[PDB]
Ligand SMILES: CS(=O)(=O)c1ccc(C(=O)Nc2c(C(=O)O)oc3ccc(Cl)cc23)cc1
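The chain below stands alone and is given as structure tokens, in the form solved without the ligand.
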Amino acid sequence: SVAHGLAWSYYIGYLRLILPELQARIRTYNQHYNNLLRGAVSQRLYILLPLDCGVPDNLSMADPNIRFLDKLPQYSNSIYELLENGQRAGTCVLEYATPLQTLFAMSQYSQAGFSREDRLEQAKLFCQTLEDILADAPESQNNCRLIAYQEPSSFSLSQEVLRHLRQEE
């Protein structure tokens, strides 16, 4: 199954390299660059895992309640404000799990012999494998949170992130 290699590549080649300095970079931002009133950026890296593997080109312009705030100083990571009831309800470092783009592309390539059913199953296995790797990983010190979801009826991505953000604090 492709999910196993995708989760290991993502952890080894990316997460284990960015997670150790993440809390220091967020701290730097909150203390020296953040001008929001009671808008401290949450301490975890929030990873969007749409199980449908639909990764847009621009995160921000996919939900009006998710607005780009700043680049996280010191790799390119972005800070977003999350709105609820028309007001800022939270701020976090947020991004899509790029290996889902591979699963989407494989389902779009007839020679891969990879159905939408195979894609959904591998997306769930990728999530489960990555969760398992991070649970045993020394770099993951209350540093990373996976946000896996499916669409049902309108969907609110901001509400999904906020439920995880509130689970932190």
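Note that residue numbering begins at 1 and tracks the sequence as displayed.
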What size is the break between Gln87 and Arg88 in terms of deposited sequence residues left without coordinates: none, 1 to 3, 4 to 9, or 10 or more? none
Extent of unmodelled deposited sequence, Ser153 relative to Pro152: 1 to 3
For the higher mean C-alpha B factor in the entry, choose 26 to 34 or 57 to 65. 57 to 65
Average Cα temperature factor in the PDB entry - higher stretch of 140 to 148, 112 to 120: 140 to 148
Looking at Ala97, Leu83, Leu72, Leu94, which has the highest Cα B-factor in the entry? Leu72
Split the chain's modelled residues into thirds by Cα B-factor; is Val161 in the lowest, middle or highest one? lowest
Would you check the entry's CA temperature factor for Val41 and let me know if it's in the chain's lowest, middle or highest third? middle
In terms of its chain's C-alpha B-factors, the third that includes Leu103 is the lowest
Taking the C-alpha B-factors as the PDB entry records them, is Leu125 in the lowest, middle or highest third of its chain? lowest
Consider only the C-alpha atoms of the modelled residues in this chain, order them by B-factor as the entry records it, and name the third containing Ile47: lowest, middle or highest. lowest
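The form solved in complex with the ligand exists for this protein as well; it is not shown, and the discussion that follows is about that form.
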Can you check whether the pocket is open or blocked when the ligand is overlaid onto this chain using its placement in the deposited complex? Blocked = 3+ ligand atoms within 2.4 Å of backbone or C-beta. blocked
For the spot marked by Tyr29, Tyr33 and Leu36, is every residue within 4.5 Å of the ligand in the deposited complex through some heavy atom? yes
Against the ligand in the deposited complex, would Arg145 count as a contact residue? Criterion: heavy atoms within 4.5 Å. no
Considering only heavy atoms, tell me if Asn85 and the ligand come within 4.5 Å of each other in the deposited complex. no
